[PDB]
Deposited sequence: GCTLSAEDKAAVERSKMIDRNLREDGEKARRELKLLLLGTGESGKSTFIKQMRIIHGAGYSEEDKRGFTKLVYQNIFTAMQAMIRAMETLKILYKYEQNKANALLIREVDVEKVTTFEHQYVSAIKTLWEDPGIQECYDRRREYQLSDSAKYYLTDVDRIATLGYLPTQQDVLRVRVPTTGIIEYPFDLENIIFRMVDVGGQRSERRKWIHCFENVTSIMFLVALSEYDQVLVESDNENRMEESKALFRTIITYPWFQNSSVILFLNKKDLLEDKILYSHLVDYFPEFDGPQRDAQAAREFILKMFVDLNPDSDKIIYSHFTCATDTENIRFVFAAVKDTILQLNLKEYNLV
């Protein structure tokens, strides 16, 4: 049959295309980013787009505008809540009304940054009570970019505001599905994957990641002085370490190379001047007010558990630092594969 012969040739043309696609797939390396929320995963992905992808054009930057506004509202809502929970007083009577106005904003629906709200935000941020609450942020959940955006509120509120590359690097991009960012480098396709937006039962999808090439586990160095009140005062860094241990002992990650990124090294340098590691980890025997002693301790603690763990200190918002660190990591991953 002419028709039967055509159907066989169509099948063979499909087989050609599947073989070609299979050849390309063997050049792909999956890099699975893991780590608790706020550890640096989404920022790392954005850096890969800057360093090895298309970067951020004017048009791209314009697209992130409303999310910058939303980060501002989310931060101020967190501090308003903390004023109540920690029982801190506003200095300015007007901020009772300003706090109510901001509290009631539906962040998901924010597309503009109108004068009413800009004034309320600025007046709240300038209140010494809110500044006192900001200084107590280790006791609640506040973005590490909150101060950055609130300091720059005038720039962000100006008509014609266009986000900078730093504004983009810091902004929360909300998603509850899988994040995959592929990029080409030296005839290899790196598929960088982040599941941290997913809110569903990990047991039902973890096997999608059997034998990934590499796991990149991010930890915020700056979380050493935070405890989980719900988990018997478990240190946040102990929770991150427990997660890490579950990852490295998982039977289908035994072939995966494991890279530990101890991120937010810049925030450690500031925090260590006033928040003492020994108060949270009394085994620490190094000097106080010493970032290098602290980060060395945190590293040795994290891997105090056969398998080799590679580790680097990072500042994910510093493009030059990530360029440097990833150049080295890429060399390791390619050598192992």
property: Where the deposited sequence has no C-alpha coordinates (positions from 1, in order); result: 1-4, 310-313, 346-352
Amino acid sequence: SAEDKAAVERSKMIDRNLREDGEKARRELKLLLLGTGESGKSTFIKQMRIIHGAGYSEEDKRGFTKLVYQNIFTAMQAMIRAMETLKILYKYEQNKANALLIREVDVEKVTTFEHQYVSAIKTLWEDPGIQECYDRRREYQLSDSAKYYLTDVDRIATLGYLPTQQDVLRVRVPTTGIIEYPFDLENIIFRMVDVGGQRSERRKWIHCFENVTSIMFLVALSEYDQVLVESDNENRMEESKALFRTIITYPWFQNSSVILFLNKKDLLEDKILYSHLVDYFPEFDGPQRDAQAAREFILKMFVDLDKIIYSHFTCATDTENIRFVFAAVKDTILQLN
From here on, numbers count along this sequence of modelled residues.
| query | finding |
| --- | --- |
| 87-95 set against 146-154, stretch whose average Cα temperature factor tops the other in the entry | 87-95 |
| Of 282-290 and 306-314, the one with larger mean CA B-factor | 306-314 |
| Highest recorded Cα temperature factor - choice among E201, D167, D225, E230 | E230 |
| Selection by C-alpha B-factor (highest) of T175, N211, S240, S257 | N211 |
| Chain-wide C-alpha B factor ranking for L218, given as lowest, middle or highest third | lowest |
| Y181 - which third its CA temperature factor falls in, relative to the rest of the chain | lowest |
| For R191, the third of its chain into which the C-alpha B factor falls | lowest |
| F261 by Cα B-factor - lowest, middle or highest third of the modelled chain | lowest |
| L101 CA temperature factor, ranked by third within the chain | highest |
